[PDB]
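Let me begin by presenting the structure, written as structure tokens, before commenting on it.
Side chains included, hydrogens not; waters and symmetry mates left out as well; all remaining heavy atoms used. Just follow the structure's listing: the first ligand is 1, and inside any ligand the first atom is 1. Residue numbers run from 1 in the order of the sequence given.
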Amino acid sequence: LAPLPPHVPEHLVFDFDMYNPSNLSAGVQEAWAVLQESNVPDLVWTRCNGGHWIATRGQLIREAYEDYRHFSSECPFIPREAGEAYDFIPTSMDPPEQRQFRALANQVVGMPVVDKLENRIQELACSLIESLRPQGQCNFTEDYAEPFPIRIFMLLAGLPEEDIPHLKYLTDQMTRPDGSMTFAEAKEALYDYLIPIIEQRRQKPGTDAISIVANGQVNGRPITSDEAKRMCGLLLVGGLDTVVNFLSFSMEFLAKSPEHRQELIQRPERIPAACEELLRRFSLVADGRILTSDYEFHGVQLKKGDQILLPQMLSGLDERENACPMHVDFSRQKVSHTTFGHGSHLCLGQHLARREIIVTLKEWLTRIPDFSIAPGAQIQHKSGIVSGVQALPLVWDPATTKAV
Ligand code: HEM
Ligand SMILES: CC1(C)[C@@H]2CC[C@@]1(C)C(=O)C2
Ligand SMILES: [K+]
Ligand SMILES: [Xe]
Ligand SMILES: [Xe]
Ligand SMILES: [Xe]
Ligand SMILES: [Xe]
């Protein structure tokens with residue numbers, strides 16, 4: 001616990017630990033949702049992880065993401081030493097500077113690229129699920145959730161699959177550190193990996209995502225090698241952690257809810273709507289901003305340099321945004337969330353993520369329509385910048401499946 005700063009009033013101190021929150025055994029989303037009980041203010045300070053503000057309601061989260069002149073992305077991670085070392089592009093830049101790098105990043109993960117990968121995405125999903133289907137069981141996080149999105153990303157980036165354990169280890173240290181590595185060490189290891197590859201693909205340009213970034217232009221002038229490395233590293237982290245973790249929350253839910261499986265089996269055209277409602281309920285990202293100056297925000301004096309967590313996860317769990325927010329309703333009329341962020345840093349990979357989610361749901365429910373959590377298993381979650389599921393043992397009767 002870190003000393004309460006002079007300017008923070010005692011009545012706003014809620015000691016939430018974003019990397020190990022108290023109620024984690026109830027589920028990670030439920031654990032973060034304690035910040036939205038009736039007694040907790042819209043905006044609290046925690047003395048954990050070096051001390052920082054935490055906006056607890058959607059209205060505040062949205063407002064702060066919109067207002068980049070006060071809430072800068074120059075230092076977006078907690079703790080402060082991670083935020084300070086964080087220099088990925090475009091996330092560590094504010095508009096106007098940030099904008100030129102988004103266009104280039106859209107070339108490698110945008111909707112036209114998803115469209116092109118659509119065949120290989122469908123093929124991999126079907127191939128992984130068919131391999132599992134006759135077994136009547138799997139360790140879902142390791143047997144599908146990791147390989148499906150990771151192999152697609154490695155394909156797109158033109159990187160060998162033998163590199164996956166190394167890269168996955170590093171990305172995990174940046175979002176859910178286990179203590180062995182600081183954020184800055186993990187980041188420099190990722191850069192060290194990328195540097196020779198970026199140099200090779202600048203000499204010998206190809207079709208892969210690293211070539212496209214490394215040989216690209218930003219508003220009409222050549223990207224530097226340094227800029228290319230800082231963008232490629234961001235893309236790697238996005239590719240190796242987000243969808244991986246979200247698939248496991250979604251499948252855990254479906255494994256526990258037969259009526260929700262039945263709804264999608266009966267009406268598969270609802271799968272896109274169900275993806276969105278699962279993105280609200282099992283939102284999993286929480287990063288933030290740093291104050292560029294002293295600023296009074298919703299009755300609370302913030303000091304220049306203060307860090308504020310603006311949990312993208314919380315907005316759609318907010319009762320004030322969505323009635324009965326812990327209930328999953330595929331017919332929910334207005335699904336309101338900030339799962340893919342908000343403002344000028346809106347997720348660039350969201351079209352790829354939705355596609356992978358939708359393809360997974362359709363292809364899993366076609367072949368393995370009925371499945372359950374393995375008898376006796378208690379599923380454990382983990383919290384951090386991106387929250388996750390430690391393991392997800394599933395079982396089914398093969399007699400109920402169908403090869404397609
Ligand atoms: C379930 C899947 C995903 C979720 C929930 C998610 C969430 C987010 C969020 C909340 C942000 C904004 C962060 C901020 O404002 O500081 C973001 C940005 C970003 N994401 Fe995603 N993401 C997902 C998948 C992906 C994938 C697969 C990629 C592929 C590389 C990706 C690439 C990016 C990039 C490049 C940005 C930065 C945009 C900018 O700073 O201008 N994301 N993501
Ligand atoms: C918070 C994010 C999900 C977003 C894309 C990858 C991630 C970990 C970042 O550093 C920016
Ligand atoms: K920084
Ligand atoms: Xe990518
Ligand atoms: Xe990349
Ligand atoms: Xe899923
Ligand atoms: Xe389905």
Please identify each residue that fulfils side chain to side chain donor-acceptor pair (under 3.5 Å) with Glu269, with sequence neighbours left out.
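Partners of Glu269 under the side chain to side chain donor-acceptor pair (under 3.5 Å) test: none.
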
Applying side chain to side chain donor-acceptor pair (under 3.5 Å), can you list everything that pairs with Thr401, at least two apart in sequence or on another chain?
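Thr401: side chain to side chain donor-acceptor pair (under 3.5 Å) contacts with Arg133.
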
Which protein N, O or S atoms does the K ion (ligand 3) have within a distance shorter than 3.4 Å?
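Per the 3.4 Å query on the K ion (ligand 3), atoms found are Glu74 O, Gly83 O, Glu84 O, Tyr86 O.
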
Value rounded to 0.5 Å, distance of CG in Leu234 from CG in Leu190:
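Interatomic distance, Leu234 CG to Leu190 CG, rounded to 0.5 Å: 10.0 Å.
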
Within 45° of the six-membered ring axis of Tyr65 and under 6.0 Å from that ring's centre, is NZ or CZ of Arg289 located there?
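Pair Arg289/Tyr65 does not count as cation-pi.
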
Result block: side-chain N/O donor-acceptor pairs under 3.5 angstrom for residues 242-249, not counting sequence neighbours:
| unit_1 | atom_1 | unit_2 | atom_2 | d |
| --- | --- | --- | --- | --- |
| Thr242 | OG1 | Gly238 | O | 2.9 |
| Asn245 | ND2 | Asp241 | O | 2.3 |
| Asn245 | ND2 | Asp241 | OD1 | 2.6 |

Is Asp318 reaching over with its side chain to a backbone N or O of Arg57, donor-acceptor style, under 3.5 angstrom?
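Not confirmed, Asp318 side chain does not pair with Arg57 backbone.
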
